[PDB]
Amino acid sequence: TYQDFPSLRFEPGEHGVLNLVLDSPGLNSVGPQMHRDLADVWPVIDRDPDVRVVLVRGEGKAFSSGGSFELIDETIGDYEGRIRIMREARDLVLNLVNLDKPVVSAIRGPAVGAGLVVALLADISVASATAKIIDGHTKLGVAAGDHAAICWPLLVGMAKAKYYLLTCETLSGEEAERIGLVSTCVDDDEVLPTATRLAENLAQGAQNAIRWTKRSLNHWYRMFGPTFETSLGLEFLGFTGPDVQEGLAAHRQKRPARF
Amino acid sequence: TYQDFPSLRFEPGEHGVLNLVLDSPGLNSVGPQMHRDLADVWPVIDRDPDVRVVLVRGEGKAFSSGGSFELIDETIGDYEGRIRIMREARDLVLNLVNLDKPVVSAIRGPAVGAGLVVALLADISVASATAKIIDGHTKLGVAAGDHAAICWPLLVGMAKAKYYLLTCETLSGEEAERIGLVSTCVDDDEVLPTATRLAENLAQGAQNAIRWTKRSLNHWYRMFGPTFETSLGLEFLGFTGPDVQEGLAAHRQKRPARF
Amino acid sequence: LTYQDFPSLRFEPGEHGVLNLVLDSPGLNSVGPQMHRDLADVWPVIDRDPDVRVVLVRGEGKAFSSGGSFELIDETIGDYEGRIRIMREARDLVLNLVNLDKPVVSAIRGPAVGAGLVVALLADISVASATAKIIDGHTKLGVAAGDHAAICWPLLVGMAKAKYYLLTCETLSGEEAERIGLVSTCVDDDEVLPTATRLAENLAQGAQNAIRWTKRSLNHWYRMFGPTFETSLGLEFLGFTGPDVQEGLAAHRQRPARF
Amino acid sequence: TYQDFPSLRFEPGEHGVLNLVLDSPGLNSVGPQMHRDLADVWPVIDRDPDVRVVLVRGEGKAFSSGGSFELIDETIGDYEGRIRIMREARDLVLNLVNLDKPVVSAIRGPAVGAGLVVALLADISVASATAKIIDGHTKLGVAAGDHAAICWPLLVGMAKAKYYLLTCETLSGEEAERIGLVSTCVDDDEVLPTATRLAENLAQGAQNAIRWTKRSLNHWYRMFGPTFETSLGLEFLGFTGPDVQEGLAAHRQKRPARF
Amino acid sequence: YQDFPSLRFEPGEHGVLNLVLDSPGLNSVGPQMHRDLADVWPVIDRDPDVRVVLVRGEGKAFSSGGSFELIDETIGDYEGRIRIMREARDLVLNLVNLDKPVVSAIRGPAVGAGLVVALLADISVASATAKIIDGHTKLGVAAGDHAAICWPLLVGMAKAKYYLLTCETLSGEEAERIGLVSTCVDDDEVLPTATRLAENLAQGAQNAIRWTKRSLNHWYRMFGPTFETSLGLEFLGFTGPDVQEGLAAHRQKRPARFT
Amino acid sequence: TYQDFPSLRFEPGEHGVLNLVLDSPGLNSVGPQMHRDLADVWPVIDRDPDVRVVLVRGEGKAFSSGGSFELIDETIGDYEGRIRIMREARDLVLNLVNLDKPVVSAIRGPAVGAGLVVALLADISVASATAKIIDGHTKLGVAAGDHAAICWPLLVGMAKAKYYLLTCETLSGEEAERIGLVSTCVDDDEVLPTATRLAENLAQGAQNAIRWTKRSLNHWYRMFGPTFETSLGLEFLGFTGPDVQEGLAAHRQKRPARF
Ligand SMILES: [Cl-]
């Protein structure tokens with residue numbers, strides 16, 4: 001069923017729960033192959049009669065450190081690759097928003113940028129109190145164009161959304177729950193157990209009621225689709241600008257950027 | 001003025017406050033007459049020159065347990081009745097959203113389903129810290145189509161909205177106020193006193209200023225009217241499916257549903 | 001010479017392209033006719049000024065603004081041509097700020113009321129003193145809350161909290177404002193300006209197009225409620241020639257109002 | 001039921017068609033009672049199970065010449081009256097957009113201002129080739145705030161809408177059909193027969209299919225409700241300005257207005 | 001394309017894919033074709049050998065609409081009805097979300113379920129003597145399978161309501177006059193014209209074309225919730241009495257007697 | 001007043017009509033100065049108390065041939081220039097949509113791309129029967145991002161919008177009026193006389209009524225602001241692609257493009 005997504009791990013759980021695991025170098029960074037697979041996996045899951053609920057997590061004590069340096073290098077260096085990556089970033093968000101089956105995220109450690117999209121667009125997000133949530137874009141040197149403009153104002157309100165998206169100050173899981181960015185917060189060691197119970201309970205519930213409830217609520221995000229697409233275009237116009245070269249170098253060299 | 005709404009209690013307060021009380025068996029369950037009366041009372045109130053403010057509450061330590069089993073039976077069992085009940089559900093929400101006079105809710109004990117609609121669409125909602133707020137639909141086996149999709153994302157943010165609407169985990173009044181679902185939280189024995197003070201202050205205030213302020217704010221909900229109507233359609237298509245028959249049987253038999 | 005057309009405002013260069021914009025007038029920085037016009041019209045000039053990267057806006061001393069001056073309110077009520085002029089200024093204060101690409105950081109101490117509050121809360125990052133006093137006062141004065149709240153409060157604090165404060169006119173401390181999402185962050189009064197200064201300087205040293213394009217994209221959410229804002233403003237201004245505002249004002253200028 | 005609307009003539013037709021006739025002095029001028037009755041009749045029709053379709057027309061060879069001197073002068077000269085009339089103007093539009101039963105208009109001769117609203121918001125509008133369709137507002141000296149901003153762009157497109165609304169050039173029934181403002185155009189003596197056949201065919205069709213089709217389509221107008229309401233406020237702020245006094249004078253005295 | 005057995009795929013020149021609806025009985029859409037039409041579009045969008053789709057019926061018919069087999073299942077079986085509904089939803093949404101351009105070549109009848117594809121095509125080439133009929137209200141269900149996402153933005157609301165409510169046949173010539181289709185030619189020039197247009201797109205600047213149509217399609221996406229409301233209402237109609245009579249009347253080639 | 005706009009001619013007409021004339025080489029091509037001047041002139045006009053209405057036209061037998069080859073070369077060749085030009089393109093559309101004073105366009109000869117923006121976003125557009133209206137972007141090799149996505153669907157409906165925007169087939173002024181793209185069409189020799197009459201009539205009319213009518217109608221375009229900005233970003237991502245290089249070379253060498 002999932003042969004077309006070789007960078008992703010697909011592990012059956014109980015009662016139609018599918019465990020989807022992000023397992024890659026650099027605390028589950030999202031590189032070119034994973035970026036494509038994450039974009040295009042959701043429609044396949046929605047048509048799979050043996051899956052009722054997706055439970056998504058990173059391998060180990062990390063959800064994702066964000067786009068890999070290889071992903072960013074490809075985007076900066078090649079026009080065709082940049083547009084392909086853009087199409088994938090667009091479709092990750094829209095395919096998730098258009099997925100009728102529910103998604104529960106189990107967020108431990110870092111959850112950044114391209115991986116954070118999945119963590120936060122999950123229907124129910126379970127965050128470690130000590131998770132480290134960072135959108136990351138403005139610190140890298142590009143606009144926050146990969147999901148935040150479709151949802152953050154309707155998660156945390158505009159004042160908190162602007163504070164964290166503009167500054168890229170780290171948000172703990174506990175603080176994320178406090179302001180509404182995530183559904184619930186528990187101790188790190190209880191994140192997977194808690195997310196698993198929630199996923200199993202949805203999987204044994206009334207399926208169309210559940211799916212139709214989340215589909216209806218998702219119209220709120222769909223109404224900000226054009227807003228999201230504008231943000232994405234502006235992010236991608238940034239990848240040929242000078243700031244991102246410094247932002248990326250600063251990341252690679254473990255130092256502060258000097259824009 | 002209101003002999004045409006026999007299931008509701010109408011009690012004048014001071015300064016143009018109208019007390020509207022839901023008083024029925026099963027902790028103020030909503031049967032066929034009450035469901036009809038709650039839909040259609042609002043336009044009559046808005047045209048009544050002796051009413052300035054509505055203060056809505058249940059009798060005793062309960063707002064409402066929601067639709068009665070017999071109301072649900074009609075929704076499942078009769079084509080014309082189902083459409084009638086759907087139109088009433090539609091118009092409860094839209095007549096409230098289109099009401100220029102302010103409504104204050106005094107929420108004690110359970111507030112569920114069809115009765116929760118009024119509690120939460122009230123302009124100012126006063127919740128007991130120990131109220132029990134439950135949308136209830138997905139546990140019954142139908143989509144949450146009777147109000148939540150017009151408002152919950154804009155009350156609590158999407159992550160909290162999805163958590164409670166999909167799982168139907170009970171929300172206390174205290175937690176509801178923390179996440180923004182209700183306006184204010186006080187101890188159970190202070191709910192009606194607090195609500196009465198707030199209602200009387202509105203009734204003695206500048207009427208057009210108050211009404212025009214809430215009307216303008218209500219544009220936000222009106223923009224999600226189509227979203228709401230889609231949710232309502234999916235809920236009511238659910239009354240034609242197998243899950244609700246199990247969910248209703250389970251509620252009657254005081255046992256877990258086995259979907 | 002750049003800002004000579006705005007005589008009521010103080011323009012003081014900070015570090016790294018930060019412009020300090022200071023509201024300094026008698027009566028805890030009350031806003032008179034010149035200042036109301038200058039606050040409306042300054043923003044496009046700032047956006048085109050290549051030497052400004054970030055605006056840090058504050059009142060002089062322990063106040064952001066106490067409200068509109070006697071003279072401003074008197075022209076609003078007493079003269080048709082002047083009233084429409086003031087309405088245009090009120091409209092464009094909100095819309096020019098929502099259309100501003102450069103970031104604005106507000107440092108809110110003491111009272112924040114009227115056009116000053118508009119600026120304080122539409123700032124991209126709002127830093128509130130724990131003991132700031134935030135008041136939307138309109139309905140208490142006898143007019144609709146038409147000067148900004150309808151473009152933003154539901155998407156800051158959710159509808160239940162927005163209706164509560166806008167309909168009751170209860171004072172919101174800076175501490176409570178931060179608890180409910182109205183402002184970005186809260187610190188002790190003596191830390192407000194240092195905190196706001198750090199935040200402003202950090203934005204000014206960051207990746208400029210990334211920051212500006214992020215906030216621009218987020219501001220589409222407020223732009224979508226433009227018509228709702230303009231409805232609220234029209235209703236406020238229809239109120240200015242009604243009997244209620246005479247009593248609400250007469251009362252303020254002289255106890256409970258007797259509407 | 002219908003006794004509460006004394007200015008309106010209600011005449012049953014065949015198959016559940018209700019004829020609603022506007023019959024008053026000055027080619028069916030709308031006076032204060034008629035303006036109120038037209039606003040408030042629609043919800044009563046929707047609840048009457050003996051009515052399936054409304055066929056609305058003027059008496060004789062005129063739909064309506066628009067507001068009577070009394071109605072216009074009240075709006076200029078009295079605060080309370082102006083607000084009442086504004087409420088009615090608002091609710092004529094919104095109650096029609098929210099009506100599930102179909103309305104067919106039979107438009108002969110003049111259709112102006114306040115009675116034009118019903119003619120054009122009818123689901124099916126049958127225009128005499130020689131009807132004279134005049135929004136009229138800018139020529140009276142006030143904004144076109146009584147319906148056109150909820151619908152004209154989605155009838156004729158924006159360039160045609162602005163042309164006729166800004167200039168107030170008369171639109172013939174024939175030209176109205178050419179550009180899409182009305183559904184069909186026939187000779188004057190065929191208008192009532194054609195409208196009657198269409199109304200009777202709707203009345204004999206599949207009722208919920210028809211009602212739900214038009215309800216769904218009406219969501220498009222509802223999404224421009226806030227745009228409509230801001231137009232309405234601007235119109236009503238104009239009734240306090242100097243131009244309308246000259247506009248009313250010029251209308252009554254068959255001279256070109258000299259603004 | 002092996003997964004879409006009911007569709008004919010004929011490669012053309014320059015990356016034009018001809019997609020032909022070919023079934024016995026004027027290309028009625030049966031169960032298999034209804035599923036295939038829903039799900040084919042995302043596969044086309046990912047196929048690097050296809051640049052443009054030219055969609056047509058076999059012979060002098062685009063499609064007579066849903067087959068009797070298809071309507072019977074929809075009426076007769078809950079699980080089937082929900083499946084068919086999902087397909088009806090996804091036909092529209094997958095077409096609206098397709099980046100590659102679609103040219104329709106419309107000859108003879110274009111009805112209901114096959115009319116969806118004809119009119120949601122980016123460029124629609126209609127025979128002057130095509131017969132365009134939405135068909136739903138005459139069958140006895142709401143027009144819920146596409147028209148509410150687009151007709152008001154094609155022909156304006158007055159023409160949209162006229163044809164959707166009455167189901168009067170619209171010729172291709174009149175359809176072009178009112179803006180429902182892009183262009184009109186004689187029957188024998190339809191396929192040549194459509195082919196020339198498709199090849200010109202296929203030889204054009206690809207991303208420019210795709211991004212132009214994608215951007216324009218945001219207008220339809222904004223009415224997604226309106227479309228989904230219409231679809232639910234249609235599907236609630238399929239278990240009502242009217243459709244049984246409409247279907248019977250079509251079989252027997254007599255007028256329906258609904259009321 | 002207008003010292004800041006050197007590429008534009010500003011000539012007083014009668015009664016507060018300002019004649020704004022585009023006069024430059026190559027049939028009024030838009031170079032870098034004129035591109036910035038056209039973007040930024042509108043807010044200055046709105047504040048100029050001596051101007052009531054703008055009448056915009058080209059010098060001689062052309063409105064504008066659109067962007068000059070130097071303007072397009074800078075967009076392709078320089079990152080900082082490209083971003084500047086994008087800002088100007090954005091602000092031309094938004095500043096025009098946000099202008100309260102009415103604009104009448106007198107369209108003779110070609111009106112293409114960047115010059116076509118002003119011609120079609122004018123409130124009243126008067127087209128020569130033999131004007132040549134060409135959006136032109138897809139033929140150049142970039143998306144139609146400079147205005148069409150904010151308005152064409154609401155002018156001509158989606159079928160006609162897609163036809164002309166995807167193909168870049170020329171549209172005559174006569175055909176443009178038939179489909180609703182422009183307000184009115186007269187023969188070439190009558191364009192300036194007709195536009196002058198209309199502009200003078202507006203300038204002698206009820207000023208606030210006129211301005212508030214067009215402002216309210218412009219909310220329809222504002223609601224598609226995000227859609228417009230998306231299209232603009234996609235156009236500008238096009239300028240670093242291979243197609244536009246070929247499209248520009250094709251134009252220069254007066255030949256067909258070979259993408
Ligand atoms: Cl990233």
Side-chain angles (χ1 to χ4, degrees), chain A residues 138 141 143 162-163 165-167 234 238 241-243 257 259, chain C residues 3 5-24 35 37-47 49-60 64 92-108 115-116 118-127 184 193-219, chain F residues 36 39-40 43-44 80 83-84 86-88 90-91 94-95:
Chain A
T138 60
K162 285 184 173 183
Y163 182 89
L165 293 170
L166 298 176
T167 67
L234 298 167
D243 296 335
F259 300 112
Chain C
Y3 300 103
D5 194 48
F6 309 100
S8 73
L9 299 176
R10 277 175 44 204
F11 299 89
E12 300 178 344
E15 301 297 337
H16 307 298
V18 173
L19 167 69
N20 288 281
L21 182 64
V22 185
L23 289 61
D24 181 355
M35 189 177 285
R37 177 273 163 175
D38 288 351
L39 284 167
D41 290 339
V42 69
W43 307 100
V45 174
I46 292 167
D47 231 9
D49 181 350
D51 292 353
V52 176
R53 297 184 166 206
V54 180
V55 184
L56 186 59
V57 60
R58 70 174 202 273
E60 174 57 30
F64 197 100
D92 284 357
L93 173 57
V94 169
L95 297 179
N96 289 340
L97 269 164
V98 167
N99 287 302
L100 178 76
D101 277 357
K102 289 171 191 181
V104 178
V105 179
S106 63
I108 312 174
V118 177
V119 177
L121 302 181
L122 288 169
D124 299 286
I125 294 180
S126 43
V127 183
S184 304
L193 190 52
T195 295
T197 297
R198 165 184 90 77
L199 288 161
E201 293 178 1
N202 287 349
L203 297 173
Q205 294 175 279
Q208 296 302 289
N209 289 349
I211 289 165
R212 296 178 198 177
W213 287 335
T214 300
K215 57 155 282 175
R216 176 173 193 79
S217 301
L218 296 165
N219 283 349
Chain F
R36 192 173 79 176
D40 292 338
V44 178
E80 298 302 333
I83 292 321
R84 184 200 75 247
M86 187 178 169
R87 194 289 303 174
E88 297 163 3
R90 188 193 72 189
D91 282 353
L94 297 179
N95 286 344

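Convention: sequence-line order gives letters A, B, ...; per-chain numbering from 1. Computed from heavy atoms alone, side chains included, the values below leave out hydrogens, waters and symmetry copies.
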Asks: Between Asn96(C) and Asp41(C), is there a donor-acceptor pair closer than 3.5 Å when you use the side chain of the first and the backbone of the second?
Replies: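 Between the backbone of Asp41(C) and the side chain of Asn96(C) there is no qualifying donor-acceptor contact (under 3.5 Å).
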Asks: One pair to check against side-chain contact (heavy atoms from CB on, under 4.5 Å): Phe6(C) and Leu39(C). What are the steps and the verdict?
Replies: CA-CA 8 Å; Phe6(C) 309 100; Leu39(C) 284 167; over 6 Å; no
Asks: Ion pair present between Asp5(C) and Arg37(C), side-chain N to carboxylate O less than 4.0 angstrom?
Replies: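 Yes.
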Asks: Could you state the interatomic distance from CD1 (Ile211(C)) to CG (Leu203(C)), rounded to the nearest 0.5 Å?
Replies: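 Reported value, rounded in 0.5 Å steps: 5.0 Å.
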Asks: Identify the two heavy atoms, one from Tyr163(A) and one from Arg198(C), that lie closest to each other, and give their separation to 0.1 Å.
Replies: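 Scanning both residues completely, I find the closest heavy atoms to be OH-NH2, 3.9 Å.
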Asks: For the residue pair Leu166(A) and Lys215(C), establish whether any side-chain heavy-atom pair is separated by less than 4.5 Å.
Replies: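 Sidechains of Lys215(C) and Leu166(A): in contact.
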Asks: Can you tell me how far CG of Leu95(C) sits from CG of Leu100(C), rounded to the nearest 0.5 angstrom?
Replies: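 Reported value, rounded in 0.5 Å steps: 12.5 Å.
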Asks: State plainly whether the residues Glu80(F) and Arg84(F) are in salt-bridge range, i.e. N to O under 4.0 Å.
Replies: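 Between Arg84(F) and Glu80(F) there is no salt bridge, as every charged N stays at least 4.0 Å from the carboxylate O atoms.
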Asks: Please lay out, stage by stage, how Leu165(A) and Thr138(A) fare under the test side-chain contact (heavy atoms from CB on, under 4.5 Å).
Replies: CA-CA 7 Å; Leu165(A) 293 170; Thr138(A) 60; over 6 Å; no
Asks: Could you pull out every donor-acceptor pair under 3.5 Å between side chains of residues 14-24 of chain C and any protein atom, sequence neighbours left out?
Replies:
| from | atom 1 | to | atom 2 | distance (Å) |
| --- | --- | --- | --- | --- |
| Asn20(C) | ND2 | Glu12(C) | O | 3.3 |
| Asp24(C) | OD2 | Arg10(C) | NH1 | 3.0 |

Asks: Identify the two heavy atoms, one from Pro7(C) and one from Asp38(C), that lie closest to each other, and give their separation to 0.1 Å.
Replies: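 For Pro7(C) versus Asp38(C), the nearest heavy atoms are N-OD2, 3.3 Å.
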Asks: Provide the closest heavy-atom pair for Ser126(C) versus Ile108(C) in the form atom of the first, atom of the second, distance.
Replies: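 Nearest pair, atom of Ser126(C) first, then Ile108(C): CB-CD1, 4.2 Å.
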Asks: Only counting residues at least two apart or in another chain, list the ones meeting side chain to side chain contact (heavy atoms under 4.5 Å, CB included) with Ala123(C).
Replies: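 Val104(C), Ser106(C).
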Asks: How far apart are the closest heavy atoms of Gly116(C) and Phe64(C), and which atoms are they?
Replies: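 For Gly116(C) and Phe64(C), the tightest heavy-atom pair comes out as O-CE2, 3.0 Å.
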Asks: Between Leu56(C) and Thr197(C), which heavy-atom pair has the shortest distance, and what is it?
Replies: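 Taking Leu56(C) first and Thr197(C) second, the nearest heavy atoms are CD2-OG1, 3.5 Å.
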Asks: Taking side chain to side chain donor-acceptor pair (under 3.5 Å) as the test, write out the residues that go with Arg90(F), two or more places apart.
Replies: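 So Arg90(F) forms a side chain to side chain donor-acceptor pair (under 3.5 Å) with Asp101(C).
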Asks: Apply side-chain contact (heavy atoms from CB on, under 4.5 Å) to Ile46(C) and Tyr3(C), showing your working.
Replies: CA-CA 9 Å; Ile46(C) 292 167; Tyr3(C) 300 103; 3.7 Å; yes
Asks: Once side chain to side chain donor-acceptor pair (under 3.5 Å) is applied, do any residues pair with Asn99(C), and if so which ones, sequence neighbours excluded?
Replies: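 Expected list: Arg223(C).
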Asks: Could I get the full list of side chain to side chain donor-acceptor pair (under 3.5 Å) partners for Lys162(A), not counting sequence neighbours?
Replies: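 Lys162(A) satisfies side chain to side chain donor-acceptor pair (under 3.5 Å) with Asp124(C), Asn219(C) once adjacent residues are dropped.
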Asks: Could you work out, with side chain to side chain donor-acceptor pair (under 3.5 Å) as the rule, every residue matching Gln208(C), not counting sequence neighbours?
Replies: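 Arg212(C).
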Asks: What heavy-atom pair brings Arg53(C) and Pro103(C) nearest, and what distance separates the two atoms?
Replies: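 Closest heavy-atom pair between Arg53(C) and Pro103(C): O-CD, 3.4 Å.
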